[PDB]
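What follows is a set of notes on a single structure, which appears directly below.
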Amino acid sequence: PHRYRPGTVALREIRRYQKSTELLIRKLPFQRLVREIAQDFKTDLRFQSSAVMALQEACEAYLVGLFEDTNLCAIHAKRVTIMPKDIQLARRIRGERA
Amino acid sequence: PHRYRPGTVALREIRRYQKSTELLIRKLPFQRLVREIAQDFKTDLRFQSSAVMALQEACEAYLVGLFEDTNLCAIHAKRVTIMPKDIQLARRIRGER
Amino acid sequence: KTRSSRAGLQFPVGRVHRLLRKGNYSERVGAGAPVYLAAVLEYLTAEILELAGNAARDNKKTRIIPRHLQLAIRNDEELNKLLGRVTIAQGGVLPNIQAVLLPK
Amino acid sequence: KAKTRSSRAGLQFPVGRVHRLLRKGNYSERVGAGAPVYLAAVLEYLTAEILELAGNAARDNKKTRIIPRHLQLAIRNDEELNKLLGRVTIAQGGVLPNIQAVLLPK
Amino acid sequence: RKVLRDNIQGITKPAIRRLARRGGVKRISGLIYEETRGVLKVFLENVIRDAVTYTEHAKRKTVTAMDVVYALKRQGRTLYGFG
Amino acid sequence: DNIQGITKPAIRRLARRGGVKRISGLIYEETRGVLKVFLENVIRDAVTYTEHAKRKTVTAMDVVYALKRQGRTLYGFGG
Amino acid sequence: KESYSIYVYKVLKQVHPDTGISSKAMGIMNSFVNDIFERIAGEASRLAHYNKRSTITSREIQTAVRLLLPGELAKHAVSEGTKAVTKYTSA
Amino acid sequence: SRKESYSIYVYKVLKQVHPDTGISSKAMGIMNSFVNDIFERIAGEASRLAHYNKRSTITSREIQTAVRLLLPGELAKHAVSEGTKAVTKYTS
DNA sequence: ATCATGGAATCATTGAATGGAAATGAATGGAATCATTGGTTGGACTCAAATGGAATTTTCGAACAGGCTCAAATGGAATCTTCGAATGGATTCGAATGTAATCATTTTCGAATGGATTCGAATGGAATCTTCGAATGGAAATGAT
DNA sequence: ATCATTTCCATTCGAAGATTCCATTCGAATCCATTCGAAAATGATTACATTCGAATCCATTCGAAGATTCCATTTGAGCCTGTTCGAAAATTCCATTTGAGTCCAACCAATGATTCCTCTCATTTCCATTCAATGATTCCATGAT
């Protein structure tokens, strides 16, 4: 039997997803999530498909940015594992919070 | 002889300066620094005294903010001492760097 | 009668109309717009003045100073976020010490 | 006779239209005849710089056609465009391949 | 209609993982995924509120890509490509 | 050597108003860099405003416009 | 030669009738009004433009305040603006 | 009813710089977004300059101080150059 | 060190999709002519910003003592990565619905404008008062037993 | 928890000065009336978003082995902080100089408005060529031995 060591497929995935630009969240889940949120704001709305595509581009771009900063926070704490305390520190210094 | 333990006069300095609003840099040096810096852009200029006050207000407000975030970074690293590495992380996350 | 009176405002509906016309925001300004705007301005001035005043007499003082405005702004959530990117000259900070720096 | 102001300024970008958008966009009641010339110049210049660096990255990806990934590589590897677009998102740009040193194996 | 509820769970753990990898993340604690779902949820709310505000102002019932683009610029997260 | 006029005690006072219990020794120069960069970026912008008004005096309003542009809006000096 | 001081003072007297203002605290108040004015007016101008309309009405100012003001501040301000406008028409 | 973009111009400049390279529809949309963005940043800052100075006109001098304020460093110097040269060519 | 595994980067292959072209439509920028005034220029003037040099109040500092934080190194607990694959979920596609958006020509209102006047808000200058700065002991930590 | 020098905090007084209350004024908002367009509206007409189920593809997740990262701990250095103490230099004061910035007024120069039209640029179908989807392909970094 052959088994990669923990961290190997991770590094290879970093290389794989940093080389690509395709959207990383599947499309239908993200669309339903958009309709749920917007419905809780106003009822009886529809969406141009390009509006959900804008939303999803903006979102993945925001989250990937945030994981960059989260990861700098783990490493600052001498860790390799991103934790919620890392994310929360990123968002507090970004001034999105607290 | 009696001497406070290390860290107490610090905590009390924190209490004293968070309780007050005065500018903390003495003013003449800061005016000198401002005029020098401005010279390198246009020669030779003058200043409304209120302009130097505006700059100094903005400078100190920025620095206190930056020490807030720096200190959260130190604490995040399980330290009580702010290090340049902390300032650099604060500034990189703020997107100043 | 000034439009401020017919709207019940301390803030100047006429002047706000002139700044709107004269500020390059659009070719033409309806007469409802300076009314509703000057309303919002007087309102927010008032909310800040209330919370600031409160802090001014719980700090044992007669006259609102920037420190009191700063206490008001930062201890209120929605004013704080509205003025998130603003610096109050002579505001100070509001006292906060990280627990882990405390003794014992 | 009839010759356009873009020609009289030596420009690829349309000085007339930049002048109409200036008048029609509520920046001021009046637009000097010099302001749209100089603006259309700065816009054409920055378009040229971006396309320059994007074309370069498209030619190291061995492809004929600039795609958003290429604009994104151009922006983020150039220091000053990067800052100009610090707060901007290129749809379908991706990120710059960068792995923190300490995550590499030993 | 049908009832929309719990859709943030549709953003699965593997997709949060892919987003973490494009962002340079080697190892993800198990409490990250729900925290990510939290932050995403706030992000979309703050964008979508403003977009809907532009659409309501246009007396429209269809949210347009321009409404999203205006909201994002307004929010400080300017987007190119729908413009 | 005017950046040295911003002394160590003044940097430490600012750090205390910021809630800082203990200051490493390399902080002081590092702060001195950051302060200087701050002053550069604002004062450059302020001076540009002065140059455009064809003035020789940098005015508090020039400073305020610069700060607003830099994302550091200041209340109390005329805007 | 202009300020908002007489109105800031009037409203202050309305809300807290026996307290005063420092000079510089009044400067804070004037700066605050001008900042918020400019944010509302600016966003309203954009809303007009986006909708291909040449005029800024109270409906623009309203959508502006909703975009610009957080939560409960938005809700109260929308009310007090709508009540100033109906009160203005019938009077 | 019809719309406008900068595609013909972006495409012209593309031909000048990199004569055998093409541009995708999405890359062009990115470019259109970039021009409209920067247009709005310059025009906005210049408008602010006129108001600040009690003037009713945006002249090429406004556009220029705008460009100095908005663009970083070497980008500013090149762009100011390219604009000043188009303007003198335009008048004289 | 040697070699097997499995993922990746590389070979054109064979065609779907996407561009860059060509043909013309309709609309917009250019052209050429002006009241029209904002910009400019200038001559006179006031306000504020050094400058200066002296007292003066005050910060700053170099230098040591020893506390205590920080860092390195250490052990095991626990948590997170890798693995296979049934299958749930998504993606695809073709289509029918119907609903909202958009183009169009009808005027309902509303906001521009501009002249002539009241009234209001700016400013300055005088008092009323709050705030600040003392000196002076009491609660209160905070360090040593 | 114990009593003990610090210092914080409060207190109570006196003037220093900053608010504000008020006299004056001149500039701005109102009024009032009118031209003319931007906004509102309806109605016919797309069209593209929503929805459908069916087929097909792709991704998910459940549950477990064990790898290895996180953390708790000790422990020893090195680097902080706190006590003066001398001491420079920031401050305060005041008084001068005078250059810049302002303010009208007469004036020049350049920007609007507009009508006709021609030249450009938008969009469309048309077609050529790049991109891609897949398949086997050798290459190669990793993992077992």
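Going from the start of the chain as shown, residues are counted 1 onward.
Cβ atoms here come from the backbone N, Cα and C positions, even for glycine.
What Swiss-Prot records for this protein:
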CROSSLNK  F:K8  UFM1 cross-link
CROSSLNK  F:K8  SUMO2 cross-link
CROSSLNK  F:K36  SUMO2 cross-link
CROSSLNK  F:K56  SUMO2 cross-link
CROSSLNK  F:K68  ubiquitin cross-link
CROSSLNK  F:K68  SUMO2 cross-link
MOD_RES   F:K8  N6-propionyllysine
MOD_RES   F:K8  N6-glutaryllysine
MOD_RES   F:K8  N6-acetyllysine
MOD_RES   F:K21  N6-propionyllysine
MOD_RES   F:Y28  phosphotyrosine
MOD_RES   F:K54  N6-glutaryllysine
MOD_RES   F:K56  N6-(2-hydroxyisobutyryl)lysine
MOD_RES   F:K56  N6-propionyllysine
MOD_RES   F:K56  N6-butyryllysine
MOD_RES   F:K68  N6-acetyllysine
MOD_RES   F:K68  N6-(beta-hydroxybutyryl)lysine
MOD_RES   F:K68  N6-(2-hydroxyisobutyryl)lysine
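Using Cα positions, the member of the recorded positions F:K8, F:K21, F:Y28, F:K36, F:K68 nearest to F:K54 (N6-glutaryllysine) is identified as F:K68.
In sequence order, the recorded positions from F:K8, F:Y28, F:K54, F:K68 that place a Cβ under 8 angstroms from a chain B Cβ amount to none. Each of the recorded positions F:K21, F:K54, F:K56 was scored by the number of other CB atoms within 10 Å of its CB, and the largest score is that of F:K21. The shortest Cα-Cα distance between F:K8 (UFM1 cross-link) and any of the recorded positions F:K21, F:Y28, F:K36, F:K56 is the one to F:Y28. The Cα of F:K68 (ubiquitin cross-link) lies closest to that of F:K36, out of the recorded positions F:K21, F:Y28, F:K36, F:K56. With a 10 A radius on its CB, the residue listed as 'ubiquitin cross-link' counts 18 other CB atoms from all the protein chains. Contact annotation for chain H: of the listed recorded positions (F:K21, F:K56, F:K68), none places its CB atom under 8 A from a CB atom of that chain. Among the recorded positions listed (F:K21, F:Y28, F:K36), F:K36 has its Cα nearest to the Cα of F:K56 (SUMO2 cross-link). Across the fold, the C-alpha of F:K36 (SUMO2 cross-link) and the C-alpha of F:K21 (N6-propionyllysine) stand 24 Å from each other. Between the CA atoms of F:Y28 (phosphotyrosine) and F:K21 (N6-propionyllysine) there is a gap of 15 Å. When the C-beta distance to chain C is held to under 8 angstroms, the recorded positions F:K8, F:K21, F:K54 reduce to F:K21, listed in sequence order. The number of other Cβ atoms within 10 Å of the Cβ belonging to F:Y28 (phosphotyrosine), over all protein chains shown, comes to 19.
Residue density at F:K36 (SUMO2 cross-link): 16 other Cβ atoms are found within 10 A of its Cβ, drawing on all protein chains shown.
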